[PDB]
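Written below as structure tokens is the structure these notes are about.
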Amino acid sequence: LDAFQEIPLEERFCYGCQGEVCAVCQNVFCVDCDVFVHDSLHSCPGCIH
Amino acid sequence: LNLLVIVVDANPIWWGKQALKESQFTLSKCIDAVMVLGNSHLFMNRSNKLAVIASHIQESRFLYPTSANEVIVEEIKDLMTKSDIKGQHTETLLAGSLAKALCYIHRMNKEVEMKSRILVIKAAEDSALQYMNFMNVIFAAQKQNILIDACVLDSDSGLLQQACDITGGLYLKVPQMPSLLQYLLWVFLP
Ligand SMILES: [Zn+2]
Ligand SMILES: [Zn+2]
């Protein structure tokens with residue numbers, strides 16, 4: 001599973017938990033889900049859709 | 001404290017066919033039953049939390065979060081009038097919705113005794129392409145000790161009864177639809 005990239009301000013509301021980034025599907029992720037997708041689920045929610 | 005995350009299979013193809021077949025049971029009745037069950041869950045204890053996600057062909061959208069019923073209604077209305085259905089992608093993606101639910105239970109688990117539980121109501125064909133994905137979201141549910149329950153309305157899911165067997169959940173194959181709520185309130189209320 002690939003790693004992810006982040007920048008604070010540019011272009012919050014996350015795609016996963018919908019609480020206030022994948023290089024493939026381009027989906028905003030918060031810190032919590034950024035850790036859960038890597039450490040536990042081993043697949044990206046945006047990559048499934 | 002308890003957690004209830006209702007995953008409703010809002011596959012537009014199956015529900016549209018069900019309205020065309022002119023059965024008394026449509027998507028509106030299913031959503032009303034879901035809202036009743038969720039209201040009961042929230043009422044049982046003022047600690048409880050509720051989540052309702054709709055599994056569409058394209059995306060999985062949180063219907064929630066009575067004010068709750070209103071927000072659910074408006075959300076499903078927008079989700080079913082503003083849509084883009086590509087012909088190739090016609091199956092329902094149970095795995096994606098389950099993934100969203102899992103990552104939601106992550107933060108909610110971090111907030112705290114939270115005993116999490118996911119209820120899935122399915123109606124349509126379950127895609128076989130998500131074998132690599134769906135299995136994943138079962139094991140992620142197993143390692144977090146989240147239970148996965150299944151009320152299947154019509155078509156059988158080898159995948160979802162598989163997931164219920166793994167997680168330690170309940171698989172209910174309800175026959176007649178007007179009697180759904182009675183079952184829903186009975187065996188699936190934590
Ligand atoms: Zn998130
Ligand atoms: Zn992705």
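Ligands are numbered from 1 in the order shown, chains are lettered A, B, ... in the order of the structure tokens, and residues start at 1 in each chain.
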Practice prompt. Could you please tell me, as a list in words, which residues of chain A have an atom within 8 Å of chain B when using only C-alpha atoms?
Written response: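 Within 8 Å of chain B on chain A, we get residues 16, 17, 18, 32, 33, 36, 37, 40, 41, 42, 43, 45, 46, 48 and 49 of chain A.
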Discussion item. Which residues are near ligand 2 in this structure, taking near to mean any atom at most 10 Å from a ligand atom and counting only C-alpha atoms and all ligand atoms? Format them as a ChimeraX atom specification.
Written reply: /A:1-4,21-29,37,43-49
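The shell of residues at most 9 Å from residue 190 (chain B), with only C-alpha atoms counted and near chain neighbours (fewer than 2 positions) removed, consists of residues 2, 3, 4, 41, 117, 187 and 188 of chain B.
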Practice prompt. Check the smallest atom-to-atom distance from each of B:1, B:69, B:109, B:178 to residue 46 (chain B) using only C-alpha atoms, then report the winner.
Written response: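 The closest residue to residue 46 (chain B) is B:1.
Our summary of the geometry notes that CA of residue 73 (chain B) is positioned 8.4 Å from CA of residue 31 (chain B).
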Item to complete: Could you give me, as an MDAnalysis selection string, each residue of region 30-183 of chain B that DSSP assigns to alpha helix (DSSP H) when run on this structure's backbone?
Response: chainID B and resid 30:44 67:81 94:111 131:143 158:167 180:183
Within 6 Å of residue 5 (chain B), counting only C-alpha atoms, which residues show up once you throw out same-chain ones fewer than 5 positions away? Write them as an mmCIF file with N, CA, C and O atoms, in the first residue's frame, please.
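File produced: out12.cif:
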```cif
data_model
loop_
_atom_site.group_PDB
_atom_site.id
_atom_site.type_symbol
_atom_site.label_atom_id
_atom_site.label_comp_id
_atom_site.auth_asym_id
_atom_site.auth_seq_id
_atom_site.Cartn_x
_atom_site.Cartn_y
_atom_site.Cartn_z
ATOM 1 N N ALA B 51 -25.203 6.263 13.206
ATOM 2 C CA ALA B 51 -24.668 6.577 11.889
ATOM 3 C C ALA B 51 -25.424 5.778 10.838
ATOM 4 O O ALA B 51 -25.693 4.589 11.025
ATOM 5 N N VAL B 52 -25.777 6.445 9.740
ATOM 6 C CA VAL B 52 -26.485 5.839 8.619
ATOM 7 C C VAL B 52 -25.780 6.258 7.338
ATOM 8 O O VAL B 52 -25.703 7.456 7.030
ATOM 9 N N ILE B 118 -22.112 -2.707 13.296
ATOM 10 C CA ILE B 118 -22.542 -2.267 11.974
ATOM 11 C C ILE B 118 -23.673 -3.172 11.510
ATOM 12 O O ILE B 118 -23.538 -4.401 11.537
ATOM 13 N N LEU B 119 -24.777 -2.570 11.081
ATOM 14 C CA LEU B 119 -25.896 -3.299 10.502
ATOM 15 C C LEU B 119 -25.978 -2.991 9.013
ATOM 16 O O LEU B 119 -25.986 -1.821 8.617
#
```
Worksheet, complete the sentence: CA of residue 14 (chain A) sits from CA of residue 30 (chain A) at a separation of 5.6 Å
